[PDB]
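In: pasting the first chains of the complex, positions unchanged:
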Amino acid sequence: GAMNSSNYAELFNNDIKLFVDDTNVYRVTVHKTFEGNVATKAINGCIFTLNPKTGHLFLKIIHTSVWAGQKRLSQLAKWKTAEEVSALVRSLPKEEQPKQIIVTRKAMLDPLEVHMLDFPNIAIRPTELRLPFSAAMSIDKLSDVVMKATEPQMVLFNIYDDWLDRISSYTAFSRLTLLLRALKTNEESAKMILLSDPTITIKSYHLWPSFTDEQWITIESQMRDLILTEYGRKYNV
């Protein structure tokens, strides 16, 4: 059924699975019109589809032209997500197709199940985890490629860089969610943490900085402090 704390290690077994997050598919800026009414202007979006075992990120960029002349965009966005995920599975060789697709919001279940009727043996699942994938646009290299796109476009990233050379998937996933949780709670502080020391750089071919094991422990500690802090500043404790 749903995915939660009790079955957490299933993410890192050898059954191919994808997380799909739709929270940045339809993005808008709300503004005032000359008449003093309110209007929205859409900006480019993305589907965040992630293999938590390997780090492969299928970032499907959603160009604002896909909304032109459409109604009920929030609802259409779920179906467009589903249509693009289904197109991706079909593009993958059989032995690469996921056995399960986990959606980070339940409103995606029906749109995805309908689009994947041709794949009766792929399980579509929800999750009880509150995953911070909406913060994926706080990663500079991903935001940049999304905002620059002039047409629909898929770019294939590895969200873990080469961490899997040194750490297991479970630990890599835990680092990733701690980084994203931090960027979602206080983006400026989080980014300050990751880039204060000019001697640690982001490789041209890497999303995140080149931290040693020791520096990563320091970093990870600093992000937990941030998340507990902001939880005080927010709740006054």
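Out: Ah, there it is. Numbers count the residues shown, from 1 in each chain, chains lettered A, B, ... in the order given.

In: where do the strands sit along chain A?
Out: A:17-21, A:27-32, A:38-43, A:45-50, A:56-62, A:100-103, A:123-125, A:153-158 (DSSP state E).

In: would you list the ones you listed in JSON lines and tack on mean neighbour count and distance to residue A:228?
Out: All C-beta atoms are positioned from the backbone trio N, CA, C, and that covers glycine. Shown next, in JSON lines, are the strands of chain A (neighbours: other C-beta atoms under 10 Å; distance: least, C-beta to C-beta, whole Å):
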{"stretch": "strand A:17-21", "mean neighbour count": "23", "distance to residue A:228": "25"}
{"stretch": "strand A:27-32", "mean neighbour count": "11", "distance to residue A:228": "29"}
{"stretch": "strand A:38-43", "mean neighbour count": "12", "distance to residue A:228": "33"}
{"stretch": "strand A:45-50", "mean neighbour count": "25", "distance to residue A:228": "26"}
{"stretch": "strand A:56-62", "mean neighbour count": "21", "distance to residue A:228": "28"}
{"stretch": "strand A:100-103", "mean neighbour count": "23", "distance to residue A:228": "28"}
{"stretch": "strand A:123-125", "mean neighbour count": "18", "distance to residue A:228": "31"}
{"stretch": "strand A:153-158", "mean neighbour count": "15", "distance to residue A:228": "30"}
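
In: Dump those to TSV, plus distance to residue A:186.
Out: Shown next, in TSV, are those (distance: least, C-beta to C-beta, whole Å):
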stretch	distance to residue A:186
strand A:17-21	21
strand A:27-32	21
strand A:38-43	23
strand A:45-50	21
strand A:56-62	24
strand A:100-103	27
strand A:123-125	31
strand A:153-158	24
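
In: So for residue A:185, which of the ones you listed sits nearest?
Out: Proximity to residue A:185 (C-beta to C-beta) singles out strand A:17-21 among those, at 17.2 Å.

In: Tell me which other helices or strands that closest one touches.
Out: Here strand A:17-21 touches strand A:45-50, helix A:73-91, strand A:100-103, going by 3 or more C-beta pairs under 8 Å, 6 or more residues apart in numbering; DSSP states H and E.

In: Kindly recompute the last result at 7 Å.
Out: strand A:45-50, strand A:100-103 (3 or more C-beta pairs under 7 Å, 6 or more residues apart in numbering; DSSP states H and E).

In: can I get those strands in a markdown table with distance to residue A:70?
Out: A markdown table is the format used below for the helices and strands packed on strand A:17-21 (distance: least, C-beta to C-beta, whole Å):
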| stretch | distance to residue A:70 |
| --- | --- |
| strand A:45-50 | 13 |
| strand A:100-103 | 22 |
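
In: So which of those is nearest residue A:198?
Out: strand A:45-50 (29.4 Å).

In: CA atoms only for that closest one, dumped as PDB, please.
Out: The C-alpha trace of strand A:45-50 is given here as PDB (Å, rounded to 0.1, in the frame of the first residue of the first chain):
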ATOM      1  CA  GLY A  45       8.200  24.200 -14.200                       C
ATOM      2  CA  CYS A  46       9.500  20.700 -13.800                       C
ATOM      3  CA  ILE A  47       8.600  17.100 -12.900                       C
ATOM      4  CA  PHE A  48      10.900  15.600 -10.300                       C
ATOM      5  CA  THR A  49      11.300  11.900 -11.000                       C
ATOM      6  CA  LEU A  50      14.000  10.300  -8.900                       C
END
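
In: quick one, that strand and strand A:56-62 angle?
Out: 160 degrees (axes from the mean of the first three to the mean of the last three C-alpha atoms, to 10 degrees).

In: ok, strand A:45-50: who's next to it in the sheet?
Out: strand A:17-21 (antiparallel), strand A:56-62 (antiparallel) (DSSP bridges).

In: here's chain B, drop it on:
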Amino acid sequence: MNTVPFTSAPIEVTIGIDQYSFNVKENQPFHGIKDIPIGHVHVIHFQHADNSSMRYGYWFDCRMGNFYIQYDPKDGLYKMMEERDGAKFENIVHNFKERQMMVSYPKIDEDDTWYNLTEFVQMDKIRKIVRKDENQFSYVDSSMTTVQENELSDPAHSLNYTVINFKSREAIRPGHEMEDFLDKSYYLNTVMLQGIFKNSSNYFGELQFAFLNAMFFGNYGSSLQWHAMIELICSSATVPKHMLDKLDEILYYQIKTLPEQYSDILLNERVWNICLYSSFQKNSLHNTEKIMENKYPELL
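Out: Take a look at chain B, now in place beside the chains above:
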């Protein structure tokens, strides 16, 4: 007017004849039911006093043969049979009527209730839902499952209703995934009406028969079938005007006839609120919404 005689009544039993019912005591001198209106299907049904488990019964049309009831002490139920010897049968019936051992089907002359609940129900179609081709009448009970239920186990004792499934390839055209899931008109009009049922009358007939098996036998699969067929219409943006008006009448009488105390298990809260208040047809079931709101405002 026709007659279903009873050989005897050896066990205490509540006997239903359409929407009527009466109590017969163990070995009371009861020899059946007379004055049954020709022109309609009918259902005669049974709940034993000792074991209220297993409501069961028989759908029949008296134009199709002379039928009677005989208790079977081995199988332990009242069985319907056909008498082929017409003279034997007329003679038997006449004797039982002269001795006044028959109850009279008690139709009030103002009352169109049974007609309104069976308007589109034909015996020939019942016999395709309930497969037992050596008999002209059809046995149904509380526990029989549907074809779709057995897919999610004895196929001979099944109810072969038309499978409806909103998340199926039949229901969803490649490339119209969102459109067809949010507006089921394609599935209603092309797949089901034109393709499977041929016309709206056959569709309404399955719907009515499903409701009747749910109400008289508490058959749970039938209740799923009735709600499914309603929801498919309500969830289609494009429905012929005549079907909508007829649908409102049909459901009106079904809601009117449902025992008040059985509403908690035979009425699906999600389907009704959706159908009356959210769906494309939320404004098109005036009679049905007025009776639902005055009779079962709780559900809503």
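
In: same question on what packs on strand A:17-21, but now with chain B added
Out: strand A:45-50, strand A:100-103 (3 or more C-beta pairs under 7 Å, 6 or more residues apart in numbering or on different chains; DSSP states H and E).

In: Distance to residue B:201 added to these, as a markdown table?
Out: Below are the helices and strands packed on strand A:17-21 laid out as a markdown table (distance: least, C-beta to C-beta, whole Å):
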| stretch | distance to residue B:201 |
| --- | --- |
| strand A:45-50 | 47 |
| strand A:100-103 | 42 |
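
In: Is it possible to get TSV of those that adds distance to chain B?
Out: Listed next are these as TSV, based on distance: least, C-beta to the nearest C-beta, whole Å:
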stretch	distance to chain B
strand A:45-50	16
strand A:100-103	15
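
In: got the contact list for the residue of chain A found nearest chain B?
Out: Relative to chain B, the nearest point of chain A is residue A:79 (3.9 Å; C-beta to the nearest C-beta). Residues near residue A:79 by C-beta atoms under 7 Å, 6 or more residues apart in numbering or on different chains: A:111, B:177, B:178.

In: Can you show me the helices along chain B?
Out: Taking DSSP state H as the test, the helices found in chain B are B:86-98, B:113-118, B:123-129, B:147-151, B:177-182, B:185, B:200-217, B:220-234, B:241-257, B:263-266, B:269-273, B:286-295.

In: okay if I get those as JSON lines plus mean neighbour count?
Out: As requested, these are exported to JSON lines (neighbours: other C-beta atoms under 10 Å in any protein chain shown):
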{"stretch": "helix B:86-98", "mean neighbour count": "14"}
{"stretch": "helix B:113-118", "mean neighbour count": "18"}
{"stretch": "helix B:123-129", "mean neighbour count": "17"}
{"stretch": "helix B:147-151", "mean neighbour count": "14"}
{"stretch": "helix B:177-182", "mean neighbour count": "18"}
{"stretch": "helix B:185", "mean neighbour count": "17"}
{"stretch": "helix B:200-217", "mean neighbour count": "23"}
{"stretch": "helix B:220-234", "mean neighbour count": "23"}
{"stretch": "helix B:241-257", "mean neighbour count": "17"}
{"stretch": "helix B:263-266", "mean neighbour count": "14"}
{"stretch": "helix B:269-273", "mean neighbour count": "15"}
{"stretch": "helix B:286-295", "mean neighbour count": "16"}
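
In: Of all those helices, which one is nearest chain A?
Out: helix B:177-182 (3.9 Å).

In: Contact residues of the stretch 201-300 of chain B facing chain A?
Out: On the criterion C-beta under 7 Å from any C-beta of the partner chain, chain A has no neighbours in the stretch 201-300 of chain B.

In: In the stretch 201-300 of chain B, what residue comes closest to chain A?
Out: residue B:235 (13.3 Å).

In: Enumerate every residue touching that residue.
Out: Counting by C-beta under 7 Å, 6+ apart, residue B:235 touches B:184, B:279, B:280.

In: thinking the first one is in contact with residue B:236, fair?
Out: Yes: distance between residue B:184 and residue B:236: 4.7 Å, which falls inside the contact criterion (C-beta atoms under 7 Å).

In: what about the two, which has more around it?
Out: residue B:184 (27 against 22; other C-beta atoms under 10 Å in any protein chain shown).

In: show me what contacts the more buried one?
Out: B:166, B:232, B:235, B:236.

In: neighbours around residue 1, how many?
Out: Just going to use chain A. If we define neighbours as other C-beta under 10 Å, then residue A:1 has 8 of them.

In: that answer is for a different chain, and I need it for chain B
Out: Neighbours around residue B:1, by other C-beta under 10 Å: 10.

In: What of residue A:167?
Out: Residue A:167: 15 neighbours (other C-beta under 10 Å).

In: go on, the one 3 residues further on?
Out: Around residue A:170 there are 14 other residues, counting by other C-beta under 10 Å.
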